Amino acid sequence: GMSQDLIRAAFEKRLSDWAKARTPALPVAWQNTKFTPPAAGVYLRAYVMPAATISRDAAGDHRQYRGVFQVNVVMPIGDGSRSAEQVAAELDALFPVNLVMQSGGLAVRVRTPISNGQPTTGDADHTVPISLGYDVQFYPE
């Protein structure tokens, strides 16, 4: 891996470390990766969504390699299991609107503030909509 991998290696450096630093210590299911068993039916599916153009351009200097990142906080219906909120709020504390993390390539920056919403319920779980945007710099060396 080159350039691109450095990007995502910033995302993991903080988020995986947060997942294990946490007291319930959650599995951290990334792209092409699997994590199982859950933490007792609590787990975190975390989809990074880069930009992917159609390529073909007329110089080699442009763009911001921007994207979104999307997590699904799933927790079991133990009755009165509302933990979606706790997780949204702990991740809010971890993700400020400046989001200063330097990958080994560039810097990356959230742009947007944190967002959350109501869940849609599940078969024995619920799931809340949580995401932010992100961009990638090209400052000179």
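Here the entry title, as the record gives it, is "Np_888769.1".

Student: So what exactly am I meant to see when it comes to the overall build of the chain here?
Tutor: The number of helices and strands found in the chain is two helices and six strands. Shown N-terminal to C-terminal, the secondary structure of the chain runs as helices and strands in the order α-β-β-β-α-β-β-β. With respect to the three principal axes, the spread of C-alpha positions in the chain is 55 × 30 × 25 Å. A burial count over the chain gives 30% of its 141 residues as buried. Residue pairs at least 24 apart in sequence account for 56% of intrachain contacts in the chain once pairs closer than 6 positions are excluded. Just so you have it, the chain exposes about 9300 Å², and 52% of that area is on carbon and sulfur atoms.

Student: Can you walk me through the pairing of strand β2 (residues 43-49) in this structure?
Tutor: The side chains of a regular strand alternate between both faces of the sheet. By the alternation rule, side chains of β2 split into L44, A46 and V48, which are all buried, and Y43, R45, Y47 and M49, of which none is buried. Bridge count between strand β1 (residues 28-29) and β2: two bridges; the pairing is parallel. Along β2, the bridge assignment pairs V28 with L44.

Student: Explanation requested: the packing of helix α1 (residues 4-21) against helix α2 (residues 84-94) in the structure shown.
Tutor: Between two packed helices, what matters for the description is the angle formed by their axes and the separation of those axes. Running from amino to carboxyl end, α1 crosses α2 at an angle of 140°, the nearest separation of the two axes being 12 Å. As summarised for this structure, α1 and α2 are arranged oblique, according to the angle between their axes. Note that α1 runs across α2; the crossing there is right-handed. Taking contact as the criterion, the partners of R14, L15 and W18 in α1 are, on α2, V87, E90, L91 and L94.

Student: How should I be thinking about the pattern of salt bridges in this particular structure?
Tutor: Where charged atoms from two side chains of opposite charge approach closely, those side chains can pair. As enumerated under the stated definition, the model contains two salt bridges in all. The shortest N-O distance in the salt bridge between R22 and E90 comes to 2.7 Å. Taken together, the positions of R22 in the loop between α1 and β1 and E90 in helix α2 put the pair 68 residues apart, joining distant regions of the chain. By relative accessible area, which is 10% here, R22 ends up buried. By relative accessible area, which is 29% here, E90 ends up partly exposed. As a salt-bridge pair, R111 and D135 come within 3.2 Å of each other at their nearest N and O atoms. You can see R111 sitting in the loop between β5 (107-109) and β6 (125-136) and its partner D135 sitting in strand β6, a full 24 residues away along the chain.

Each value, and the rule that gives it
Residues numbered from 1 in each chain as written, not as in the entry; some residues may be left out. Heavy atoms only, no water. Helix = DSSP H or I, 4+ residues; strand = E, 2+ residues; numbered from the N terminus. Buried < 20%, exposed > 50% of the residue type's maximum accessible area, 1.4 Å probe, protein only. Contact = heavy atoms within 4.5 Å. Areas by Shrake-Rupley, 256 points an atom, 1.4 Å probe, with all protein chains shown as cover. Pairing = 2+ DSSP bridges. Axes fitted to C-alpha atoms, helices over the stretch in contact; angles between N-to-C directions. Parallel < 35°, antiparallel > 145°, perpendicular 65-115°, else oblique. Left-handed = near helix turned anticlockwise from the far one by under 90°. Salt bridge = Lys/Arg side-chain N within 4 Å of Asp/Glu carboxyl O.

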